[PDB]
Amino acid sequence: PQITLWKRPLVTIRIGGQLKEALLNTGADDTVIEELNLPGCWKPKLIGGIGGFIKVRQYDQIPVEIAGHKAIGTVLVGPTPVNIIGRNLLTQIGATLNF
C-alpha cells in the first residue's frame, strides 16, 4: 500500500503468532518490539537513540508479517512505547520512500 505521513505510520504486523501494531520507521536500523515472550535463543544487546540506550533481547530469524507481506529476520525485544519496524525488515518487503 501507500502510507502517508500525516499521522504516525502504524500498521498491523504478526509476530510470534500475535497481531500487533507497529510503526514503519525509516530512522531505525533494527526492529524493536514491546516486551513479548518469544520462543528461542536470545542474546543481550544495547540499542540507542534520543535519550540514551536501553537493553534488549535479540532474537534471530523470527518470521514477521507486515501488512500481509512476509519477512524474516532479527527482532529486538524490550521496553518500548511503540513497536518499531526498522530497515532490516522494511527492505525485505520492498518498502521505499518517495517524493
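Just count from 1 along the sequence shown to find any residue number.
Annotation for 45 to 53 versus 32 to 40: the higher mean temperature factor (C-alpha) is found in 32 to 40. In this PDB entry, the Cα temperature factor of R14 sits in the middle third of its chain's modelled residues. Among the modelled residues of its chain, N98 has a C-alpha B-factor that falls in the middle third, as given in the PDB entry. Split the chain's modelled residues into thirds by C-alpha temperature factor. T74 is in the middle one. Among the modelled residues of its chain, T26 has a C-alpha B-factor that falls in the lowest third according to the deposited record. Looking at the C-alpha B-factors along this chain, the one for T91 belongs to the lowest third.
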